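Undergrad: Please see the structure below; I have some questions.
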Amino acid sequence: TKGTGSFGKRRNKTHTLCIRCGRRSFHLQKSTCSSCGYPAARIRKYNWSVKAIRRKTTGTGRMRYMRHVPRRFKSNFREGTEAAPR
Amino acid sequence: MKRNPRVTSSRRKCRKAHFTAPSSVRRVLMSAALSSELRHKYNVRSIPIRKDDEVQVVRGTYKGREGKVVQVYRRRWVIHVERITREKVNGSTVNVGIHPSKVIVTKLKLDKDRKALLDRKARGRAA
Amino acid sequence: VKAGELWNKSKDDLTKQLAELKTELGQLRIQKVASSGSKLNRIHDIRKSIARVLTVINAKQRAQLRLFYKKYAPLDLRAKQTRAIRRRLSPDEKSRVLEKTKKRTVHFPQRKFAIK
Amino acid sequence: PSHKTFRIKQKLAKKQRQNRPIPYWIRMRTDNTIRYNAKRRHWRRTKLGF
Amino acid sequence: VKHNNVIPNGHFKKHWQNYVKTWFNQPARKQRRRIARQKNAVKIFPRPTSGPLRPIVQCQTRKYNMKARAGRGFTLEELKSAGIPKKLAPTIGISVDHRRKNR
RNA sequence: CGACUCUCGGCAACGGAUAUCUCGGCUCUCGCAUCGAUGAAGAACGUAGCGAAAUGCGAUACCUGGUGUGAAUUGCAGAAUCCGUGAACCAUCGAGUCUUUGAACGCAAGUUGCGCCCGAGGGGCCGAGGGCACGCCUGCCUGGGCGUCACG
RNA sequence: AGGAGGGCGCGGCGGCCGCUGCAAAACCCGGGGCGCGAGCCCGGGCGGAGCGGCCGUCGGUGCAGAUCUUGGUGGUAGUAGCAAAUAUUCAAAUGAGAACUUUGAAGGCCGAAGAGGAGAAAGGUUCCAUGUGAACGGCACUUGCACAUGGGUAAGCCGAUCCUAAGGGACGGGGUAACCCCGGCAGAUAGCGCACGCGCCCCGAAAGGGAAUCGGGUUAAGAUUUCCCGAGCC
RNA sequence: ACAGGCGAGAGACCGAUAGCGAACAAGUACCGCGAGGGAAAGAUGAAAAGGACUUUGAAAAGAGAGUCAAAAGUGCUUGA
RNA sequence: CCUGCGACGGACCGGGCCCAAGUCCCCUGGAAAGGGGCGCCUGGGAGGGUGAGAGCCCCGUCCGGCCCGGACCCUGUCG
RNA sequence: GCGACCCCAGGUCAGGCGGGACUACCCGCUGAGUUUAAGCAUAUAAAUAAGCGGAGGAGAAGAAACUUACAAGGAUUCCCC
Ligand SMILES: [K+]
Ligand SMILES: [K+]
Ligand SMILES: [K+]
Ligand SMILES: [K+]
Ligand SMILES: [K+]
Ligand SMILES: [K+]
Ligand SMILES: [K+]
Ligand SMILES: [K+]
Ligand SMILES: [K+]
Ligand SMILES: [K+]
Ligand SMILES: [K+]
Ligand SMILES: [Mg+2]
Ligand SMILES: [Mg+2]
Ligand SMILES: [Mg+2]
Ligand SMILES: [Mg+2]
Ligand SMILES: [Mg+2]
Ligand SMILES: [Mg+2]
Ligand SMILES: [Mg+2]
Ligand SMILES: [Mg+2]
Ligand SMILES: [Mg+2]
Ligand SMILES: [Mg+2]
Ligand SMILES: [Mg+2]
Ligand SMILES: [Mg+2]
Ligand SMILES: [Mg+2]
Ligand SMILES: [Mg+2]
Ligand SMILES: [Mg+2]
Ligand SMILES: [Mg+2]
Ligand SMILES: [Mg+2]
Ligand SMILES: [Mg+2]
Ligand SMILES: [Mg+2]
Ligand SMILES: [Mg+2]
Ligand SMILES: [Mg+2]
Ligand SMILES: [Mg+2]
Ligand SMILES: [Mg+2]
Ligand SMILES: [Mg+2]
Ligand SMILES: [Mg+2]
Ligand SMILES: [Mg+2]
Ligand SMILES: [Mg+2]
Ligand SMILES: [Mg+2]
Ligand SMILES: [Mg+2]
Ligand SMILES: [Mg+2]
Ligand SMILES: [Mg+2]
Ligand SMILES: [Mg+2]
Ligand SMILES: [Mg+2]
Ligand SMILES: [Mg+2]
Ligand SMILES: [Mg+2]
Ligand SMILES: [Mg+2]
Ligand SMILES: [Mg+2]
Ligand SMILES: [Mg+2]
Ligand SMILES: [Mg+2]
Ligand SMILES: [Mg+2]
Ligand SMILES: [Mg+2]
Ligand SMILES: [Mg+2]
Ligand SMILES: [Mg+2]
Ligand SMILES: [Mg+2]
Ligand SMILES: [Mg+2]
Ligand SMILES: [Mg+2]
Ligand SMILES: [Mg+2]
Ligand SMILES: [Mg+2]
Ligand SMILES: [Mg+2]
Ligand SMILES: [Mg+2]
Ligand SMILES: [Mg+2]
Ligand SMILES: [Mg+2]
Ligand SMILES: [Zn+2]
């Protein structure tokens, strides 16, 4: 065994998809994500992998709310009137 | 020699700004010279090309030919002039695209903003 | 169509327009799955009209509520800034100093002088 | 399996829509460099690990 | 080590290359400092740009016994002998140093 | 004379070097200071007449609105618009919308699973819509203990 | 081994002197020469837009090796090989093309703890229809688990869902610099019936426990109890 | 002070095996249960003017022909 | 002995509009942006685009002018 | 029994505050070894990497329970020495 014969089992799952990050890294029996550590409030992140950090930060996704702050900062967050009618 | 700190002389930056230009900026970039008679009458040198302007080709193999602007393909930086065409291998007809910097406007289509634009440009070119 | 006319119409008329355009977008989606060639571009025109009507109705509602509440404001009507800007002290609070500091400014402010 | 969670079925539906050929008229656009889908998957190769 | 040299002492056994300080911003620092001096000058138009008046003191220690320089401020005893209230002195451009004494 | 092997040249192959480029990279300098329980970053799913991705957006879904400019967008087709409150895969932003999630907040979670409360609008029934986490602060309401007392 | 001098060549920067659509760079040539040599100069061709020489100065500046890196290409070589699971044959049809597709006939095998009929995991459209450029199906194909375009999964009763198992998480409290580690350590236990009365959290099984369905029919593809007919049940 | 963010400018820097891993739908395709690992891939032409039509062939294609200054004939500048 | 309110500018930041001169003649080329001849601008010969090395074809660049909007401190004359 | 207070409990009570994200710079903790010593244990690597937290446009520090020995200087920060 130990090889081709043992590789045939492969029926159970250690990880399923994670609620928080969507990788197949949610250890079912541990109930923890091995990528983001989902049940923990803070996100799993380590300085010994700057490649892992850079693969998921602000900018790798879509900033639904940010990407508008620089434009609202320019107008001093006026949030008041509207341009005078033509 | 340029003096403005805010103006870039970088060839990479100028080519990127030219080719990644929005539609409203290509209108100014796609400007044409006026004819001698029109320049004298309006005291303006160049104007942005428009549809239904009457144009004469002054460079290329169609130099001397005249027509009216039927299309301003800003995405391709070319204008199409009436009856300036070519036959394909199958015999069909295709309009030939010409850069507006190689034509002169001979008749202008003026609605209400063309006149206002002509007034603004004349004052600087008159003083 | 012609948002300027939409702003004239009352709320009952605006919701009557909203109902008509919803019925009419449905008739197009039926046409789209069966057959047509020029009813397909009406989908974009009518979908945008539904958005146009709902924008006008919404903008009227907020302006009305902002007028009716000018005590405590509802949480959605409050001035939205960054979270840190909302936590800032007021100018009255930033400019407040105690008596021993207000006295020294009264009696000994910085003077305007020059050297001959 | 036949027994599916809803979340698994929803993901499988999206992956079904995504492996189609690119429309022919995309290749006719002005500045076009796209040749093929570059993201086609066949079920027998390249399993999606869910 | 192979010849008649000095005994080498190179302090480069740590990660010194993560702590290199270059000076390519030196001419920019000069311009930023110059610009702030002109802004400060306009902010106080008639007031002298060199700051408040400074006293004269002897530099301490035997090496610099005999040299005079600018101090921090005038003593409370010096201001009293000249007739200038110590609260008025900073407001009219005179520095005050309550630490210093007159021996 | 022929075949085979080796070799020299011409033409044709194979392959992608060289040359000329470059909306990319790298380095330096400058200016500015703005994320989030008013729900961020991140994740999912949707969304176009023809789209898979990238880009954009959120059931108002490659966009609504305001302002500016001033006649396009285009790969194909149909519509709209032009001396005009007016085209645009245009610019810009003050008005809006903003699905399921996520610090994530009724309880959970390989589940679109299991509860409770209010409630427009049409006794009871059906409701659209919305609430119900934890810690803490100020005030408030309802309370507990001979803990310290006072008078009955 | 080693040192040194003088030269040759590559790429920039500051200068000087030039070339080129009457054809620059690069590349090719049994073309002609110069130099001991590194190299250089010219000729013919291709190619179609840039390049050179001299002085100074600077540098990621010269390859045959490193079981060197990446890419490409040979001989080996039309070679080694395509040999388990008994087996095919005839006629016809279709088609450009049939040892391999379809129909009929014949001869055989699996032999019901099967090479039959259905499920749990796992897969995810492979299911059905029509069509076919190439690729792929290590021979071939008209053919498909390939490719393209469409279609297809219907539940009060089947399951999940409900309960608890081994076990997991967890309020308060305890520890801990914090991340986090501890559930019996008892803490006014956060509520239940009819003012009165009582009072010893969740997750975890599509094989455990468990409300209730049967027969007949129907599609290209569903329904081994979901659709239709009839008859029941909770 | 400032290898992050938003916005500018410059260079005796690199020039597609170089320069960031990424000049391109690049942290992508794909690999691993997972933590993680991680590419290759730029250039027709001034303009598609992207090769009508005849003929052979089941087709793919060929032979004529047409466009272009040029076949430069859709991984198409040059092409060791 | 010493001790608030306003009006009108400045300075700071942003945005917009306008702002010189050949497409004259000949030759070669598919195309002149090349060569030759005759001219013009320049406080503009930075850069870029356009069918080949383009100051004068186009956008820009120089020197300026005009208009719009912030910031509520800092400061210059008035009441 | 009416009361005053103290300590405490319960509230979907009225109004509010907190948690997460980002890494260049900054503040706090925790903390190696490879390596050098031509061996190696103190030493070095290094009060560094990794690990756990906290901010801002800068942060931190800051107005002497400081230096000196001089004819004395006079908060903090940064540069040269
Ligand atoms: K020596
Ligand atoms: K520096
Ligand atoms: K040969
Ligand atoms: K090259
Ligand atoms: K459950
Ligand atoms: K040189
Ligand atoms: K059910
Ligand atoms: K069960
Ligand atoms: K690479
Ligand atoms: K060629
Ligand atoms: K030019
Ligand atoms: Mg083993
Ligand atoms: Mg396990
Ligand atoms: Mg668990
Ligand atoms: Mg497989
Ligand atoms: Mg070290
Ligand atoms: Mg888009
Ligand atoms: Mg949740
Ligand atoms: Mg040869
Ligand atoms: Mg050279
Ligand atoms: Mg170099
Ligand atoms: Mg080298
Ligand atoms: Mg080599
Ligand atoms: Mg050698
Ligand atoms: Mg070898
Ligand atoms: Mg190799
Ligand atoms: Mg070989
Ligand atoms: Mg053989
Ligand atoms: Mg064998
Ligand atoms: Mg067979
Ligand atoms: Mg047998
Ligand atoms: Mg038998
Ligand atoms: Mg079966
Ligand atoms: Mg089948
Ligand atoms: Mg085969
Ligand atoms: Mg398929
Ligand atoms: Mg059941
Ligand atoms: Mg239970
Ligand atoms: Mg138990
Ligand atoms: Mg605890
Ligand atoms: Mg359960
Ligand atoms: Mg059971
Ligand atoms: Mg079936
Ligand atoms: Mg920065
Ligand atoms: Mg690369
Ligand atoms: Mg190279
Ligand atoms: Mg994988
Ligand atoms: Mg594997
Ligand atoms: Mg060329
Ligand atoms: Mg070629
Ligand atoms: Mg001009
Ligand atoms: Mg000339
Ligand atoms: Mg050329
Ligand atoms: Mg409350
Ligand atoms: Mg925090
Ligand atoms: Mg040692
Ligand atoms: Mg050693
Ligand atoms: Mg050792
Ligand atoms: Mg660290
Ligand atoms: Mg901040
Ligand atoms: Mg501070
Ligand atoms: Mg003190
Ligand atoms: Mg000191
Ligand atoms: Zn996760």
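Ordered as shown in the structure tokens, chains take letters A, B, and onward, while each chain numbers its residues from 1 and ligands are numbered from 1 in the order shown.
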Grab me every residue within 9 Å of ligand 26, counting only C-alpha atoms (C1' of nucleotides) and all ligand atoms, and send it over as a list in words.
TA: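 Selection of residues at most 9 Å from ligand 26: residues 69, 70, 71 and 72 of chain G.
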Undergrad: Given a cut-off of 10 Å, which residues of chain F touch chain A, counting only C-alpha atoms (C1' of nucleotides), written out as a VMD selection string?
TA: chain F and resid 33 to 35 40 to 44 66 to 67 85 93 to 95 98 101 to 104 109 to 110
Undergrad: What do you get as a PyMOL selection string if you pick all residues at most 9 Å from ligand 29, counting only C-alpha atoms (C1' of nucleotides) and all ligand atoms?
TA: chain G and resi 81-83
Undergrad: Residues within 10 Å of ligand 50 should be enumerated using only C-alpha atoms (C1' of nucleotides) and all ligand atoms and returned as a list in words.
TA: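 Those within range of ligand 50 are residues 44, 72, 76, 77, 78 and 79 of chain H.
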Undergrad: Counting only C-alpha atoms (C1' of nucleotides), which residues from chain I have an atom at most 12 Å from any atom of chain C, and could you show them as a PyMOL selection string?
TA: chain I and resi 2-3+72+75
Undergrad: All residues within 9 Å of ligand 54 are required, counting only C-alpha atoms (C1' of nucleotides) and all ligand atoms; please report them as a ChimeraX atom specification.
TA: /J:12-15
Undergrad: Using DSSP secondary structure from the backbone, list all strand (DSSP E) positions within segment 6-109 of chain B, as a ChimeraX atom specification.
TA: /B:31-34,46-48,54-57,66-73,78-87,93-98,103-107
Undergrad: Using only C-alpha atoms (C1' of nucleotides) and a distance of at most 10 Å, pull out the residues of chain G that contact chain D, as number ranges by chain.
TA: G: 120-126, 145, 148, 153, 159-160, 206
Undergrad: Residues contacting ligand 59 - anything with an atom at most 10 Å away, using only C-alpha atoms (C1' of nucleotides) and all ligand atoms - can you give me those as a list in words?
TA: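 Taking only C-alpha atoms (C1' of nucleotides) and all ligand atoms into account, the residues around ligand 59 at most 10 Å away are residues 47 and 48 of chain A; 31, 48, 49, 50 and 51 of chain J.
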Undergrad: Just to be explicit: take each residue in the selection above, keep N, CA and C atoms (P, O5', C5', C4', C3', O3' and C1' of nucleotides), and write the result as a PDB file, in the first residue's frame.
TA:
```pdb
ATOM      1  N   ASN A  47       3.911  38.152   9.245  1.00  0.00           N
ATOM      2  CA  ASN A  47       4.980  38.901   8.593  1.00  0.00           C
ATOM      3  C   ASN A  47       6.028  38.015   7.941  1.00  0.00           C
ATOM      4  N   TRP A  48       6.031  36.710   8.205  1.00  0.00           N
ATOM      5  CA  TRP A  48       6.990  35.849   7.529  1.00  0.00           C
ATOM      6  C   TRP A  48       6.536  35.454   6.132  1.00  0.00           C
TER       7      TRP A  48
ATOM      8  P     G J  31      10.758  36.916  26.953  1.00  0.00           P
ATOM      9  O5'   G J  31      11.459  36.670  25.548  1.00  0.00           O
ATOM     10  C5'   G J  31      11.132  35.542  24.752  1.00  0.00           C
ATOM     11  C4'   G J  31      11.763  35.624  23.388  1.00  0.00           C
ATOM     12  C3'   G J  31      13.274  35.779  23.359  1.00  0.00           C
ATOM     13  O3'   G J  31      13.953  34.551  23.534  1.00  0.00           O
ATOM     14  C1'   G J  31      12.299  37.345  21.890  1.00  0.00           C
ATOM     15  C1'   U J  48      17.900  42.332  15.800  1.00  0.00           C
ATOM     16  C3'   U J  48      16.001  43.496  15.058  1.00  0.00           C
ATOM     17  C4'   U J  48      17.014  44.487  15.587  1.00  0.00           C
ATOM     18  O3'   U J  48      15.221  44.016  14.004  1.00  0.00           O
ATOM     19  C5'   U J  48      16.476  45.554  16.501  1.00  0.00           C
ATOM     20  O5'   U J  48      16.959  45.387  17.822  1.00  0.00           O
ATOM     21  P     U J  48      16.014  45.598  19.086  1.00  0.00           P
ATOM     22  P     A J  49      13.639  43.782  13.990  1.00  0.00           P
ATOM     23  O5'   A J  49      13.479  42.336  13.356  1.00  0.00           O
ATOM     24  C5'   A J  49      13.921  42.069  12.036  1.00  0.00           C
ATOM     25  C4'   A J  49      13.828  40.604  11.714  1.00  0.00           C
ATOM     26  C3'   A J  49      12.491  39.944  11.997  1.00  0.00           C
ATOM     27  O3'   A J  49      11.530  40.188  10.990  1.00  0.00           O
ATOM     28  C1'   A J  49      14.208  38.599  12.862  1.00  0.00           C
ATOM     29  P     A J  50      10.069  40.712  11.383  1.00  0.00           P
ATOM     30  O5'   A J  50       9.308  39.402  11.868  1.00  0.00           O
ATOM     31  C5'   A J  50       9.271  38.230  11.066  1.00  0.00           C
ATOM     32  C4'   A J  50       9.120  36.988  11.907  1.00  0.00           C
ATOM     33  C3'   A J  50       7.963  36.981  12.888  1.00  0.00           C
ATOM     34  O3'   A J  50       6.713  36.727  12.287  1.00  0.00           O
ATOM     35  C1'   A J  50       9.895  36.230  13.989  1.00  0.00           C
ATOM     36  P     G J  51       5.462  37.677  12.610  1.00  0.00           P
ATOM     37  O5'   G J  51       5.007  37.246  14.067  1.00  0.00           O
ATOM     38  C5'   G J  51       4.777  35.888  14.409  1.00  0.00           C
ATOM     39  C4'   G J  51       4.573  35.742  15.890  1.00  0.00           C
ATOM     40  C3'   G J  51       3.583  36.713  16.509  1.00  0.00           C
ATOM     41  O3'   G J  51       2.240  36.293  16.358  1.00  0.00           O
ATOM     42  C1'   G J  51       5.557  36.705  17.789  1.00  0.00           C
TER      43        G J  51
END
```
Undergrad: Return as a list in words the residues belonging to chain D that are within 9 Å of chain H, counting only C-alpha atoms (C1' of nucleotides).
TA: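 Matching residues, ligands excluded from the count: residues 33, 34, 37, 38, 39 and 46 of chain D.
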Undergrad: Would you export the selected residues with N, CA and C atoms as an mmCIF file, in the first residue's frame, please?
TA:
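Final file, result-v1.cif:
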```cif
data_model
loop_
_atom_site.group_PDB
_atom_site.id
_atom_site.type_symbol
_atom_site.label_atom_id
_atom_site.label_comp_id
_atom_site.auth_asym_id
_atom_site.auth_seq_id
_atom_site.Cartn_x
_atom_site.Cartn_y
_atom_site.Cartn_z
ATOM 1 N N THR D 33 -7.199 42.142 -28.108
ATOM 2 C CA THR D 33 -6.133 41.161 -28.019
ATOM 3 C C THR D 33 -6.614 39.797 -27.546
ATOM 4 N N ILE D 34 -7.901 39.640 -27.253
ATOM 5 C CA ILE D 34 -8.425 38.392 -26.708
ATOM 6 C C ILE D 34 -8.568 37.364 -27.823
ATOM 7 N N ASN D 37 -10.845 31.721 -24.379
ATOM 8 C CA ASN D 37 -11.349 31.978 -23.037
ATOM 9 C C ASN D 37 -10.259 31.912 -21.977
ATOM 10 N N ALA D 38 -9.204 31.127 -22.191
ATOM 11 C CA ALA D 38 -8.080 31.052 -21.260
ATOM 12 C C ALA D 38 -8.508 30.594 -19.870
ATOM 13 N N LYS D 39 -9.802 30.334 -19.688
ATOM 14 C CA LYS D 39 -10.335 29.893 -18.407
ATOM 15 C C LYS D 39 -11.399 28.820 -18.593
ATOM 16 N N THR D 46 -8.714 19.126 -14.354
ATOM 17 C CA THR D 46 -8.799 20.368 -13.582
ATOM 18 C C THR D 46 -10.038 20.488 -12.690
#
```
Undergrad: Counting only C-alpha atoms (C1' of nucleotides) and all ligand atoms, name the residues that have an atom within 12 Å of an atom of ligand 58; the answer should be given as number ranges by chain.
TA: J: 34-41
Undergrad: List all protein, DNA and RNA residues that have any atom at most 12 Å from ligand 1, counting only C-alpha atoms (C1' of nucleotides) and all ligand atoms, and write the list as a compact mmCIF listing (two decimals) with N, CA, C and O atoms, in the first residue's frame.
TA:
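Wrote pocket_23.txt, looks like this:
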```txt
# COMPACT_ATOMS: atom_id res chain seq x y z
N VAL E 1 44.49 39.05 7.58
CA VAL E 1 45.49 40.09 7.79
C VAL E 1 46.85 39.56 7.34
O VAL E 1 47.27 38.49 7.75
N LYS E 2 47.54 40.32 6.48
CA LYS E 2 48.72 39.79 5.82
C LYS E 2 49.94 40.69 5.83
O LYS E 2 51.05 40.19 5.62
N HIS E 3 49.82 41.99 6.05
CA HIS E 3 50.97 42.87 5.87
C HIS E 3 51.05 43.83 7.05
O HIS E 3 50.40 43.64 8.08
N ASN E 4 51.87 44.87 6.90
CA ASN E 4 52.00 45.93 7.89
C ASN E 4 50.91 46.97 7.64
O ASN E 4 51.12 48.00 7.01
N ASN E 5 49.72 46.68 8.15
CA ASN E 5 48.59 47.58 8.07
C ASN E 5 48.20 48.02 9.48
O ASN E 5 48.82 47.61 10.46
N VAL E 6 47.19 48.88 9.57
CA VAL E 6 46.56 49.09 10.87
C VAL E 6 45.73 47.86 11.22
O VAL E 6 45.30 47.10 10.36
N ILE E 7 45.48 47.69 12.51
CA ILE E 7 44.53 46.67 12.95
C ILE E 7 43.15 47.14 12.51
O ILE E 7 42.70 48.22 12.92
N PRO E 8 42.45 46.37 11.68
CA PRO E 8 41.15 46.84 11.18
C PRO E 8 40.07 46.79 12.25
O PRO E 8 40.00 45.85 13.04
```
Undergrad: With only C-alpha atoms (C1' of nucleotides) and all ligand atoms counted, collect every polymer residue having an atom within 12 Å of ligand 40; state the result as a ChimeraX atom specification.
TA: /G:170-176,180-183
